[PDB]
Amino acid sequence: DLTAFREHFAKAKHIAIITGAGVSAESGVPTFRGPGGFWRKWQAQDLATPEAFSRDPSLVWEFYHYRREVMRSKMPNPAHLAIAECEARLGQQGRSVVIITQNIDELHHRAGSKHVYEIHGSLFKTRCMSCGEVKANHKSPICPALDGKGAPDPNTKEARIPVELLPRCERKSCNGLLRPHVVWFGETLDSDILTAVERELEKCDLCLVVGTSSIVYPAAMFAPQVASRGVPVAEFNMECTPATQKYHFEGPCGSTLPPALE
């Protein structure tokens, strides 16, 4: 029931919103995972690993280049906006709203969200392999060598780019090789962030799960913290709930969420 939720919503002083791949999906962003989510011959699991980066750094960067470029045509959907505006609106009133997102596309930032935690990092940040500096980067193309590369059709030629022409650290005493600042499979989440997210989720008196379920990573790491405090949790996704069952609003977040937050 929406009414029930809204009664909580109106009372809430510290809302936490966890967002999953669903909300990026409704903006037409490919995640490259599961049925027909392919890039060339590969899926994300095959390429989003440090081993792939070690074995074939050109190929991986081609993949991330493409992904960076396809963001130029994908915009924030109404779910991103409603969240951002909600944040803005509640901040005015001394009520907080934080976003904890698994998504690496910056769509919440482009919707105008401010207190956002990117637990898997971002396509538009680099980390230097030598010195470790994390820098914001939105260049198009990120480096010349990759101009016009990264085509998806399975039959494309590899650009087989020499390693020194892929993006390189600018602090030139260094010149290290850059990688996408994202958490690859088989890597850990940065623990400074998890400690901040912990702190937020404890403060929180309403929790939203959007475009994913609490019964699965990453929402699962935390929703129990919050549910064991008696805090209500509301899921918005396109998963079905059995005939026989805290709050769950089936449908697109684009449709469900903005009415809910108004």
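Sequential numbering from 1, following the sequence displayed. We call the rigid core whatever largest set of C-alpha positions still superposes within 1.5 Å between the two forms.
Farther on average from this form in 8 other deposited structures of this protein lies stretch 152 to 160, the comparison being between 152 to 160 and 138 to 146 by RMS Cα distance after core superposition. After superposition on the rigid core, the larger root-mean-square Cα deviation in 8 other deposited structures of this protein belongs to 213 to 221, not to the other of 199 to 207 and 213 to 221. Where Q245 is followed by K246 in the displayed chain, the model omits 1 to 3 of the deposited residues that sit between the two. Between the stretches 62 to 70 and 40 to 48, it is 40 to 48 that shows the larger average CA temperature factor. The stretch with the higher mean CA B factor, choosing between 118 to 126 and 153 to 161, is 153 to 161. When the modelled residues of the chain are ordered by C-alpha B-factor, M238 sits in the highest third.
Sort the chain's modelled residues by C-alpha temperature factor and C204 lands in the middle third, per the entry. In the deposited entry, the Cα temperature factor of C174 sits in the top third of values across the chain's modelled residues. In this PDB entry, the Cα temperature factor of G20 sits in the bottom third of its chain's modelled residues, the lowest group. Among the modelled residues of the chain, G28 sits in the lowest third by CA temperature factor in this PDB entry.
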